[PDB]
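Report on the following structure.
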Amino acid sequence: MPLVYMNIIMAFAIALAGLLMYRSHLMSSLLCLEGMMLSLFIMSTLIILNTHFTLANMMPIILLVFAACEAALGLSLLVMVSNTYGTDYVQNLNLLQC
Amino acid sequence: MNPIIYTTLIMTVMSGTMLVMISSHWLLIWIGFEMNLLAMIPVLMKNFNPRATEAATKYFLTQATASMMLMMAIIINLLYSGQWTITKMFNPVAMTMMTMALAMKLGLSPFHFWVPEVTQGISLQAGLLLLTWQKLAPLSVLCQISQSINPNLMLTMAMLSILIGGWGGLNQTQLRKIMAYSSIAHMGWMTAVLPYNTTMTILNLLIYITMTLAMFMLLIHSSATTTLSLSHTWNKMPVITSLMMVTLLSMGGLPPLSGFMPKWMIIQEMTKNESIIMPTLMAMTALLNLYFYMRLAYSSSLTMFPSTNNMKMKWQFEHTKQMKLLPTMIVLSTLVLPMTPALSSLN
Amino acid sequence: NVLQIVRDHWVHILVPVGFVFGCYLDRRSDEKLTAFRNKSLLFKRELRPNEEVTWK
Amino acid sequence: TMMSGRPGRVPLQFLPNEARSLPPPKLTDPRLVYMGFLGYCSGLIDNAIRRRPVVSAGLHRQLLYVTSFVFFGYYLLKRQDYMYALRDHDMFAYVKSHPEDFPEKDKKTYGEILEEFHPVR
Amino acid sequence: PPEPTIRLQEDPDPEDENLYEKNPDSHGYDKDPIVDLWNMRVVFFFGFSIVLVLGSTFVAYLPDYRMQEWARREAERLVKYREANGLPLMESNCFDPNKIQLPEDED
Amino acid sequence: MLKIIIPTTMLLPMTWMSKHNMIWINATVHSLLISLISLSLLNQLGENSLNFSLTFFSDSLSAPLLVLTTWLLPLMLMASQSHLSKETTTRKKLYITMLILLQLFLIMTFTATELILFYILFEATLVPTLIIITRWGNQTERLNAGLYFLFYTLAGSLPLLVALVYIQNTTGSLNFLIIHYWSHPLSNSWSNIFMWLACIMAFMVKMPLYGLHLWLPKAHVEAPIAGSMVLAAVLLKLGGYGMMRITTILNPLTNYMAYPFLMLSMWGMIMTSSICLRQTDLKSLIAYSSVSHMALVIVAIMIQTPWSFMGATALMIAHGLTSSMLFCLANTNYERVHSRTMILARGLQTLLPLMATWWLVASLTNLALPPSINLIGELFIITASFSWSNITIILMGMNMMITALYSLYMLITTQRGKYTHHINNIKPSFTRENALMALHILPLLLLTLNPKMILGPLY
Amino acid sequence: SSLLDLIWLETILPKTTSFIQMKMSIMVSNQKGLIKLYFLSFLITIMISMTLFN
Amino acid sequence: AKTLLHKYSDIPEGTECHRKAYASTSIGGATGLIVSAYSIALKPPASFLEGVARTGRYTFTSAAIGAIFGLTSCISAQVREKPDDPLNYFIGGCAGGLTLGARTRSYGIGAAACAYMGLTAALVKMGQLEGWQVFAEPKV
Amino acid sequence: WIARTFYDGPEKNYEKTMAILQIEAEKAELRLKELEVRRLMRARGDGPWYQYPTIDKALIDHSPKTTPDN
Amino acid sequence: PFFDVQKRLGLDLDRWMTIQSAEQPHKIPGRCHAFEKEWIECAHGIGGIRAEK
Ligand SMILES: CCCCCCCCCCCCCCCCCC(=O)OC[C@H](COP(=O)([O-])OCC(O)COP(=O)([O-])OC[C@@H](COC(=O)CCCCCCCCCCCCCCCCC)OC(=O)CCCCCCCCCCCCCCCCC)OC(=O)CCCCCCCCCCCCCCCCC
Ligand SMILES: CCCCCCCCCCCCCCCCC[C@@H](O)O[C@H](CO[C@H](O)CCCCCCCCCCCCCCC)COP(=O)(O)OCC[N+](C)(C)C
Ligand SMILES: CCCCCCCCCCCCCCCCC[C@@H](O)O[C@H](CO[C@H](O)CCCCCCCCCCCCCCC)COP(=O)(O)OCC[N+](C)(C)C
Ligand SMILES: CCCCCCCCCCCCCCCCC[C@@H](O)O[C@H](CO[C@H](O)CCCCCCCCCCCCCCC)COP(=O)(O)OCC[N+](C)(C)C
Ligand SMILES: CCCCCCCCCCCCCCCCC[C@@H](O)O[C@H](CO[C@H](O)CCCCCCCCCCCCCCC)COP(=O)(O)OCC[N+](C)(C)C
Ligand SMILES: CCCCCCCC/C=C/CCCCCCCC(=O)OC[C@H](COP(=O)(O)OCCN)OC(=O)CCCCCCC/C=C/CCCCCCCC
């Protein structure tokens with residue numbers, strides 16, 4: 001396992017950790033999710049190209065498409081949340097408590 | 001929304017689950033999960049209010065993170081073995097990340113935090129769908145890759161789920177949070193037998209789904225979401241309160257009720273594998289679920305709470321919409337213990 | 001008056017019907033445990049000229 | 001015993017053809033009677049919920065419930081018996097094909113076995 | 001403080017009702033005299049007449065399935081035989097030693 | 001065995017299809033007929049057992065308990081007929097349904113060829129009792145009493161299920177006959193020690209043991225009269241039956257293991273008999289007397305000698321009948337006084353002479369006066385304990401004395417002296433109550449003529 | 001009657017269990033609903049699982 | 001991970017008291033740090049300095065508990081000349097429990113700690129002796 | 001009269017108990033054998049039970065692949 | 001769980017993309033075609049457990 005794959009997985013772990021920190025700005029949560037899918041795309045593309053799995057060249061595009069669709073949904077949700085409060089701050093969603 | 005749109009979204013949710021269940025390719029499983037996630041969001045927001053929007057966005061965030069972890073596990077598995085078929089996981093912690101993603105999808109501890117919030121935010125029908133249908137696909141994947149799981153991690157998260165559900169149900173006055181913690185504890189019971197017997201997992205899933213359907217339909221019929229709001233049901237529909245109390249006793253695992261069948265079997269199975277301490281601890285912890293079920297039963301039908309004057313008008317009207325499957329659900333969740341050996345049908 | 005007291009006193013017949021049904025079911029369940037009939041070491045016996053089974 | 005991977009198994013076959021060599025459950029089977037009783041209880045609860053005379057509101061509805069319950073119970077019992085027959089057949093075949101793992105124990109009489117005696121005092 | 005000092009609209013606690021006042025010979029069974037008398041009669045007949053008498057007689061004359069007289073006759077015949085033979089009554093060993101195979105110690 | 005079970009099941013449709021004012025009459029008559037049917041089981045053999053089928057068998061330990069369980073239902077119906085007068089037909093039918101279900105569960109529990117079936121029914125008996133206690137209860141603490149009764153039982157019994165499934169996994173069968181013939185010694189090991197504890201504590205909690213007896217005063221005081229009757233008469237004997245059934249597998253580990261329990265019971269009988277002396281409540285006093293008697297039964301079972309087992313069986317039957325009678329008497333007083341405290345209503349012998357005679361007979365039979373079966377069990381257990389150790393008698397001696405004391409104390413506080421001047425609603429005793437006491441007391445004095453009928457399988 | 005039966009025997013089994021379960025329920029269920037804390041806990045448990053179970 | 005378990009279990013019970021005490025102290029410190037991280041993540045009390053003080057308090061309490069456990073159990077096992085006896089673990093376990101009670105300064109919590117830690121230590125010793133499995137592998 | 005009309009002989013109960021014991025002993029030994037067979041099959045993988053799916057070899061393409069060395 | 005509809009109906013919904021050595025377009029071989037071919041042939045029908053050992 002070369003160092004490039006390790007760097008990509010480290011990048012994904014950093015994006016996931018930053019998503020889990022939640023300083024503020026749920027928009028940053030969506031940004032972290034998109035960084036995660038970008039790292040997934042890059043490493044999956046590198047693995048597939050390297051092993052010459054010709055039919056697997058389908059998979060990255062599919063992934064991209066689906067992930068981007070998810071982003072759209074998320075953005076819509078964000079707007080409505082903002083549409084209630086005027087700002088996308090995380091701490092505004094304190095109505096529901098365990 | 002438009003009934004045609006609602007029907008299309010429900011069919012899309014079910015088609016995503018079926019695509020997960022019938023496919024042998026990891027990418028198709030991920031696509032089915034994506035389809036289910038996409039079609040589930042409007043269902044949680046049928047009744048538009050800030051609470052439902054907050055619940056939907058929390059659910060979307062958790063499920064999207066779970067899907068990303070699932071894809072990373074799939075890609076690492078492909079890296080260490082050029083395989084896409086759903087089989088033995090072929091690798092170290094790639095399996096750990098797969099288990100974490102499936103646990104977040106199911107709501108197992110320590111990823112349980114979103115279930116009570118999403119259940120409280122959404123209505124009762126959305127909560128019914130969320131707590132019943134959304135468990136089939138991740139449990140199917142876990143049953144498929146059960147021989148790969150590390151028993152230590154799975155058993156740890158199962159015991160954590162049971163403990164957290166038992167403790168968190170004690171503090172609730174809202175009925176939806178009670179149902180959410182019950183779901184967490186039941187999933188904990190389900191996943192503790194996956195390393196040993198997947199048939200027992202499926203049996204527990206069937207029994208739990210029947211009991212949850214009966215409970216949610218009874219809660220919808222007597223439209224109460226709070227303990228005190230439920231305490232007013234006896235003055236109109238005492239038979240509903242009696243059926244609800246019997247169902248709650250069944251969900252507590254009391255013999256000879258139906259809810260005793262899974263735990264019993266599970267305990268039995270775990271004793272075949274030279275495991276005693278965990279079954280003992282699981283029973284002693286499910287005692288807490290029984291305690292808060294019994295408190296709800298006290299507040300529901302065993303005592304008569306004060307009523308209000310306007311209640312008299314409700315005496316003059318009858319429910320226009322009637323649920324056809326409610327009678328069957330109650331009987332199946334109450335009186336199917338003698339048919340226990342039928343579990344050999346590999347349900 | 002017949003056909004009138006029946007509609008009110010019909011319930012009484014149920015317990016005795018259950019009793020006779022239980023007796024019949026007990027005999028029927030007994031019929032399935034005859035694998036060792038007239039085969040015990042303590043009671044091996046030669047059948048009578050007009051006997052088929054030692055016990056029913 | 002995970003029989004999902006059994007060789008020569010049709011994926012979505014509820015009852016395989018080889019199950020037809022097993023005796024079907026009798027129509028007076030106690031489990032079938034219990035399923036009919038479950039259907040009758042379902043009918044009674046259905047009458048009670050909709051605020052109808054519990055015993056004598058719908059005879060057709062109760063009959064339909066009982067009949068459907070009996071039908072499903074008969075097929076479920078067939079599948080149950082078939083699966084248990086498969087389990088026993090597999091166990092016996094494995095015991096037959098692996099003699100070294102299941103040795104014949106030497107028959108020993110109690111007169112030549114020494115069991116420790118613990119008095120009750 | 002304009003509060004009515006009443007927590008809620010409640011029925012007053014009813015006083016206990018006597019079955020003797022509205023009906024002498026009330027038997028303490030029911031407020032309806034006919035059901036009263038018939039309940040008394042059926043309880044007395046099916047408890048004292050049927051169960052306590054016929055059941056006690058049935059239990060008294062139960063056949064000897066415990067085999068007490070059988071055991072007494074067996075012991076009588078056995079002792080009659082043993083005394084005559086000169087055998088020493090009951091043996092110490094419950095089973096014959098010749099058919100018991102002890103394990104040899106060789107210690 | 002179905003000749004008893006099927007009529008008990010048919011009791012339910014008969015009750016629910018009964019005319020609105022004929023439920024009590026129909027229920028009592030058919031319950032008495034079913035009791036008569038149950039009498040056939042008493043003719044036991046000196047051989048193995050009455051093995052009816054693969055699912056149910058009878059034994060001369062099971063037969064007296066079955067007969068008592070069947071006989072208790074008409075008495076419970078007659079006792080409950082009074083305070084359920086102002087109640088709707090549906091709820092009275094539900095009450096009768098719960099009583100019938102309790103009888104059915106007990107009947108299936110006492111035959112129970114298999115231990116898992118026994119456990120399932122043993123815990124199935126819990127639901128009707130809990131509902132009866134928490135629904136038709138007068139005070140506000142019935143909910144807490146129901147919670148205590150449920151959770152003590154389940155905490156005791158949850159390890160029992162694990163122990164049973166483990167035992168079946170190792171041995172291969174949970175059947176009583178197979179277990180008895182294939183019993184093998186248990187090595188003195190930590191795992192075996194914990195298996196013994198799991199097998200024993202579930203039945204110990206229901207006796208109940210002196211350490212674990214708290215739920216019982218709450219449950220007895222807060223339950224209605226039928227609930228108190230069924231708790232004191234039958235439900236306490238389930239633990240003793242379970243111990244006598246399960247102890248066979250336990251040896252030789254029981255000797256070392258038994259000491260903590262033997263000491264707890266021998267001191268707890270004294271403690272509870274002494275507690276009875278200073279009590280302000282009839283129901284609590286009867287409950288503590290029951291605790292003392294069942295502690296003695298625990299001692300008898302733990303000694304595990306033939307005389308111990310015969311004494312335990314006789315004492316269980318006698319205590320069931322006597323405690324049911326005592327609770328019935330206390331309820332007759334309560335229905336007139338509505339206070340349920342001894343010191344309020346006094347001198348009742350002057351106003352109710354026949355009821356005072358019933359009180360005297362009940363207190364005498366609780367006192368273990370010879371040749372009643374109460375003293376038969378008392379003396380058999382005492383002799384077995386003396387053979388076990390010559391010092392036990394001293395404790396036993398104290399117990400007997402203390403018992404007599406509080407018994408006559410309960411007879412003197414409420415019946416003798418001067419009647420309270422203010423109470424004027426003490427009406428003459430009804431025929432129903434006198435019939436209830438007569439039907440409670442006559443079986444004891446009939447059984448003392450034929451003690452072997454209740455002395456168990458080791459007779 | 002009072003020292004052992006009404007107080008200490010009550011203190012040991014039932015009251016201790018009630019107090020412990022009450023405290024555990026209060027601790028577990030007292031979450032303010034901030035997904036910040038939830039996901040920080042998620043990160044902590046993910047890293048702990050990566051460090052402990054392999 | 002299991003490195004601390006291997007370090008603790010490899011040392012004989014009746015010898016090397018200091019090594020056992022050090023291993024127990026390390027295990028206790030790790031447990032206290034994990035609990036502190038959980039508490040900080042779930043509840044930010046007021047600030048960084050209060051949080052680090054809380055983590056230090058929890059870690060030192062757990063480390064002291066473990067150290068007392070190890071030293072007392074090992075010393076009791078060595079002096080009694082009867083190793084593989086759960087009673088030694090009982091005594092050491094609630095010496096640790098009593099130290100916890102002294103740290104929290106409550107007699108009731110000290111007695112509760114003695115009960116519920118001596119019993120737990122005895123149970124762990126019995127499990128080690130008899131081979132009980134907390135997380136059994138799937139045998140069949 | 002009671003023995004004639006209500007009860008039966010000892011042979012009936014004796015032989016019924018013999019049959020019941022025989023059936024129960026067979027069930028117990030079958031349970032032990034089934035547990036042992038399950039344990040053996042799971043570890044070895046030789047038996048019909050516990051079969052986990054592998055890649056089907058009918059999916060492999062056996063054709064020249066534009067390169068002589070596959 | 002897994003409902004093997006493809007095998008029951010003979011549809012081949014996604015089995016074409018599972019392995020490297022399964023009918024690539026224009027007969028383009030994977031980098032490890034021979035090794036995967038050998039491993040698949042060896043493990044066919046053996047089962048996962050015996051296959052793994
Ligand atoms: C062990 C196995 C063997 C036994 C099986 C046990 C189970 C069997 C039954 C299962 C369920 C089926 C029936 C239940 C439906 C409910 C309907 C109802 O309430 O009854 C009203 C109805 C009469 O009322 P109605 O005039 O129609 O109208 C009044 C309204 O209905 C209602 O009036 P209302 O609303 O004004 O009254 C209010 C009341 C009314 O509320 C209720 O009564 C609710 C009903 C109970 C809940 C059922 C839950 C589901 C079943 C669970 C069973 C649990 C068993 C396990 C053990 C645990 C015990 C809990 O509710 C309350 O008072 C609130 C508080 C209640 C107290 C606490 C609640 C505890 C209830 C638990 C009961 C468990 C046993 C039930 C037995 C049957 C009871 C009917 O009763 C009946 O007539 C039907 C009874 C059965 C019919 C028998 C017919 C057969 C006879 C002819 C054939 C011969 C057979 C042999 C053939 C050969 C012979 C020749
Ligand atoms: C809670 C009570 C249970 C009730 C459940 C709902 C009842 C209504 C269902 C109506 C009929 C459903 C049957 C479906 C028709 C054909 C099914 C067939 O094609 O599928 C087969 C399988 O048949 C079904 O699985 C059997 C379902 C029957 C469930 C009954 C068991 C209930 C548990 C015992 C409680 C008693 C309940 C009795 C009252 C209903 C092939 O499965 P296979 O592709 O090879 O492998 C997948 C399953 N594996 C992975 C576990 C091995
Ligand atoms: C009111 C004042 C008195 C007036 C009346 C005066 C007359 C007094 C006479 C009454 C008793 C005095 C003693 C006389 C005894 C003579 C009868 C006795 O000998 O018979 C007994 C018979 O009694 C029965 O054995 C005991 C009664 C059975 C008890 C069963 C209870 C009834 C069922 C009700 C429900 C059960 C509830 C409790 C559950 C366990 C003992 O018989 P036994 O010596 O052996 O052998 C009989 C002959 N054999 C050999 C041919 C068989
Ligand atoms: C609260 C109301 C009453 C509830 C019920 C109470 C009854 C249950 C109590 C259980 C009785 C004792 C349990 C174990 C007894 C074993 C014998 C032991 O005491 O003697 C010595 C044992 O020495 C010490 O006792 C070692 C154990 C010390 C740890 C136990 C904790 C002591 C007090 C705890 C009491 C708390 C009980 C309730 C918990 C919730 C013998 O030395 P040794 O030869 O080596 O061991 C022999 C056993 N072998 C053969 C299996 C090895
Ligand atoms: C002078 C007489 C003194 C003694 C009186 C004894 C009275 C005995 C009453 C108690 C009987 C208990 C019931 C016994 C049931 C078990 C036996 C049962 O099987 O008998 C059945 C018959 O049982 C009877 O029908 C029970 C009668 C119950 C009624 C008793 C009298 C009271 C009835 C009251 C009814 C209502 C009265 C009027 C109300 C207005 C037929 O059995 P069967 O399968 O062939 O057995 C064959 C055995 N063989 C092979 C050896 C031949
Ligand atoms: C008050 C009741 C008395 C309580 C006395 C002790 C209390 C302290 C114990 C607390 C719970 C401890 C849980 C863990 C105990 C572990 C015991 C154990 O595992 O033994 C199982 C033993 C052997 O294990 P294997 O590994 O399979 O054997 C192979 C190698 N020989 O097998 C068995 O016997 C299984 C039986 C289950 C054991 C029961 C566990 C619970 C404790 C026993 C019951 C006592 C408490 C009852 C509560 C009373 C409330 C009314």
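Excluded from the calculations below are hydrogen atoms, water molecules and symmetry mates; all remaining heavy atoms, backbone and side chain alike, are included. First the proteins, then the strands, lettered A, B, ... as listed; each starts at 1.
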Polar pairs (donor with acceptor) under 3.5 Å from chain I to chain C:
unit_1: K12(I); atom_1: NZ; unit_2: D30(C); atom_2: OD2; d: 2.2
unit_1: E15(I); atom_1: OE1; unit_2: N38(C); atom_2: N; d: 3.4
unit_1: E15(I); atom_1: OE1; unit_2: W55(C); atom_2: NE1; d: 2.3
unit_1: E15(I); atom_1: OE2; unit_2: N38(C); atom_2: N; d: 2.9

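- Residue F21(C) places its CZ atom among 12 or fewer non-hydrogen atoms of other residues, nucleotides or ligands, all under 6.0 Å distant.
- Note: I20(I) CD1 to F36(C) CZ = 11.5 Å, rounded to the nearest 0.5 Å.
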